[PDB]
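Structure first, then comments.
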Amino acid sequence: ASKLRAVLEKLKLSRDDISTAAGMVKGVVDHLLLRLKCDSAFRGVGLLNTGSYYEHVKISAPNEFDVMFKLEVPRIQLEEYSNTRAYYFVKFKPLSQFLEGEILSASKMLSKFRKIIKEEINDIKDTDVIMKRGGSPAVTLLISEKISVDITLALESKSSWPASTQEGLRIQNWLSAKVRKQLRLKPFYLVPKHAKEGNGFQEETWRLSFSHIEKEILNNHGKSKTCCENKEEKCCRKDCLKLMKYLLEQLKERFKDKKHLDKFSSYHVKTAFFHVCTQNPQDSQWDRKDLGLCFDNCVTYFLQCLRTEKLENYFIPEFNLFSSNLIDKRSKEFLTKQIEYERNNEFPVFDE
Ligand SMILES: Nc1nc(=O)c2ncn([C@@H]3O[C@@H]4COP(=O)(O)O[C@H]5[C@@H](O)[C@H](n6cnc7c(N)ncnc76)O[C@@H]5COP(=O)(O)O[C@@H]3[C@@H]4O)c2[nH]1
Ligand SMILES: [Zn+2]
């Protein structure tokens with residue numbers, strides 16, 4: 001616990017470092033937003049509220065920034081791609097230029113999006129900005145040869161969430177049934193991430209995204225509406241997620257020689273954390289004075305997800321983030337062994 005608190009104190013020393021870097025991400029995003037609005041296909045574009053800086057810049061890792069551009073779309077009709085539950089074809093009930101039959105081409109939309117951004121990068125003489133894995137819905141920029149920012153186009157749909165979500169967002173015993181109903185009345189988003197079609201991609205498919213809901217449940221995270229609003233109600237939920245993310249970042253650095261861990265992501269840690277919040281719904285199970293135990297709760301559940309090769313998407317229960325289709329068996333066994341060693345030995349990766 002004292003070691004975990006020291007880690008948390010150490011992480012705070014880079015508070016201003018991440019602050020100023022988020023401002024550089026922020027300013028470039030606003031110039032991008034204006035140019036995109038000039039285009040007929042993207043003039044309803046805007047910034048989605050997903051991050052801790054302003055409202056639109058999310059930190060996924062040190063110097064890895066995440067921004068989502070939402071696009072209000074006329075009423076959409078969805079067609080689930082096969083039985084994948086997260087991936088969908090988009091149909092209608094301006095964007096005409098991206099249709100292939102009746103299906104809105106994710107690859108064609110994302111292609112023009114990528115093109116317009118690339119045009120604004122070449123034009124700007126303010127700073128050094130460049131372009132850049134596979135299968136991502138994001139277009140990632142590099143600012144000042146040091147700051148990385150994923151920019152993701154996101155179709156906004158204001159209709160009821162798709163059926164694959166009906167048993168997801170299992171917050172009823174933690175944040176309440178009332179809140180679940182309120183959250184499910186908000187829009188959902190589709191990003192041009194394509195399902196894998198054999199060896200390539202179904203380049204017309206989109207994936208559901210609930211990044212806005214993820215931010216809301218992290219910031220408004222207690223059973224008590226006044227959780228973390230006073231000294232009597234200080235929980236350690238956010239600190240536990242921070243320590244889980246830092247554990248994964250540190251292991252990925254230590255195992256960088258053979259890149260065994262590069263498929264694992266802060267998104268996996270965040271998803272597992274939300275499941276532990278469901279499992280431990282009472283604020284009394286996250287008392288700040290129990291940080292060590294709460295972190296152990298998070299590590300042991302993550303370990304179980306690795307061993308069983310099952311980490312359910314928090315909104316889409318039948319989408320398994322740890323399926324063999326996405327992460328090979330050998331990599332999940334590898335990470336299990338190292339987290340087991342770390343937990344058995346009081347986390348030597350956090351030493352010094
Ligand atoms: N900025 C950004 N927003 C996204 O929505 C997203 N989805 C994928 N990626 C990246 O594309 C590549 C393919 O990963 P895959 O989709 O097969 O599994 C992904 C995806 O299923 C899931 N995931 C990540 N971000 C989200 C997200 N915002 N919403 C839902 N699922 C997500 O966690 C897995 C690993 O994510 P990352 O390894 O950190 O970056 C991935 C990866 O580089 C994303 N990058
Ligand atoms: Zn709290």
Side-chain angles (χ1 to χ4, degrees), residues 25 48 50-51 56-61 64-70 84-87 106 110 132-141 148-155 164-165 168 174-175 188-196 201-202 205-215 217-241 245 248-249 252 261-272 274 277 280-288 290-291 294 311-316 319-328 331:
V25 180
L48 181 57
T50 72
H56 316 316
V57 199
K58 178 200 170 180
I59 327 293
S60 306
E64 288 181 7
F65 289 61
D66 169 277
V67 170
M68 288 178 63
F69 289 2
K70 55 169 180 178
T84 68
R85 270 121 182 94
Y87 299 88
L110 181 54
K132 179 140 187 174
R133 289 176 185 169
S136 174
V139 172
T140 93
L141 309 192
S148 175
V149 48
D150 288 10
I151 297 173
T152 294
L153 170 71
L155 304 183
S164 65
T165 73
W174 161 33
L175 298 174
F188 65 97
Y189 295 87
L190 298 136
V191 298
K193 153 82 201 170
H194 316 304
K196 307 183 180 183
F201 298 88
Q202 217 309 323
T205 55
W206 303 71
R207 205 210 51 229
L208 298 172
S209 171
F210 301 92
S211 289
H212 60 312
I213 306 298
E214 293 165 7
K215 181 242 192 63
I217 66 185
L218 282 170
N219 284 335
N220 192 359
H221 59 242
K223 175 171 294 302
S224 174
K225 297 168 187 174
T226 46
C227 198
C228 289
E229 291 194 356
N230 59 74
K231 65 182 163 54
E232 289 82 23
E233 294 184 74
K234 302 302 290 170
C235 86
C236 64
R237 285 181 181 92
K238 289 191 170 175
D239 281 342
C240 284
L241 175 58
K245 289 168 62 175
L248 182 64
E249 293 165 12
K252 287 171 76 180
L261 303 183
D262 269 11
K263 299 278 188 182
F264 294 103
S265 164
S266 59
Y267 192 76
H268 296 133
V269 152
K270 188 213 282 179
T271 297
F274 289 150
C277 289
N280 294 38
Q282 303 291 342
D283 301 336
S284 62
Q285 298 174 282
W286 298 92
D287 194 304
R288 167 153 314 286
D290 299 321
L291 177 66
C294 300
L311 176 58
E312 298 185 3
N313 180 294
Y314 197 65
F315 302 87
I316 312 162
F319 187 75
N320 178 10
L321 305 173
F322 278 177
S323 80
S324 291
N325 161 47
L326 297 175
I327 308 190
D328 65 297
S331 298

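Heads up: numbering here begins at 1 and tracks the sequence. Just so you know, these numbers use all the heavy atoms, side chains as well, and skip hydrogens, waters and symmetry mates. In each ligand, atom 1 is the first atom listed, and ligand 1 is the first ligand listed.
Atom 28 (N) of ligand 1 lies below 4.0 Å from at least one non-hydrogen atom of the protein. Proximity of atom 16 (O) of ligand 1 to the protein is indicated by at least one non-hydrogen atom lying closer than 4.0 angstrom. At a distance under 4.0 Å, a protein heavy atom can be found next to atom 33 (O) of ligand 1. Taking a distance limit of 4.0 Å, we find that atom 4 (C) of ligand 1 is approached by some protein heavy atom. The protein does not reach atom 41 (C) of ligand 1 closely, with no heavy atom under 4.0 angstrom from it.
An angle of 130° is found at the Zn ion (ligand 2) between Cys228 atom SG and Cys227 atom SG, rounded to 10°.
No donor-acceptor pair closer than 3.5 Å links the side chain of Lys70 to the backbone N or O of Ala154. Put simply, the side chain of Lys193 never gets that close to the backbone of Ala138: no donor and acceptor are under 3.5 Å apart. The main-chain N or O of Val269 is never found under 3.5 Å from a side-chain atom of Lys245 such that the two would form a donor-acceptor pair. Listed for the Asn320 side chain is no donor-acceptor partner under 3.5 Å among the backbone atoms of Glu312.
Between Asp287 and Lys234 no salt bridge is recorded (no basic side-chain N to carboxylate O distance below 4.0 Å). With salt bridges taken as basic N to acidic carboxylate O contacts below 4.0 Å, none links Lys263 and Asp328.
The N/O atoms of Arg207, backbone and side chain alike, include one that comes under 3.5 Å of an N/O atom in ligand 1. Residue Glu214 places no N or O, backbone or side chain, under 3.5 Å from any N or O of ligand 1. In terms of polar-atom proximity, defined here as any N/O pair under 3.5 Å, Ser265 does make such a contact with ligand 1. Considering backbone and side-chain atoms alike, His268 places every N or O at 3.5 Å or more from each N or O of ligand 1.
Among the atoms of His221, an N, O or S atom falls under 2.8 Å from the Zn ion (ligand 2).
With hydrogens left out, the protein atom closest to atom 38 (O) of ligand 1 is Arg133 NH1, 3.5 Å, a heavy atom. Annotation: atom 12 (C) of ligand 1 to nearest protein heavy atom, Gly134 O, 3.9 Å. Scanning all protein heavy atoms for the shortest distance to atom 23 (N) of ligand 1 gives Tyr267 CD2, 3.4 Å. In this structure, atom 44 (C) of ligand 1 lies nearest to the protein heavy atom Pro137 CD, 3.6 Å. At the top of the distance list for atom 14 (O) of ligand 1, counting protein heavy atoms only, stands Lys193 NZ, 4.6 Å. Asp66 OD2, 3.0 Å is the protein heavy atom nearest to atom 1 (N) of ligand 1.
Side-chain contact between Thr205 and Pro192 is absent, with no heavy-atom pair separated by less than 4.5 Å.
A donor and an acceptor atom, one from each side chain of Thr226 and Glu233, are located under 3.5 Å apart. A donor-acceptor contact under 3.5 angstrom links the side chains of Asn219 and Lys238, judged on distance only.
For the salt bridge (charged side-chain N to carboxylate O under 4.0 Å, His left out) criterion with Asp283, the lone passing option out of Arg237, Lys223, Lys225, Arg288 is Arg237.
Atoms OG1 and NE2, from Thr50 and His56 in turn, are 8.5 Å apart once rounded to the nearest 0.5 Å.
Not a single heavy atom of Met68 sits less than 4.0 Å from an atom of ligand 1.
Residue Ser211 approaches ligand 1 through these ligand atoms, each under 4.0 Å from one of its heavy atoms: 28 (N).
For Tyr189 and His212, the ring centers are positioned less than 6.0 Å apart.
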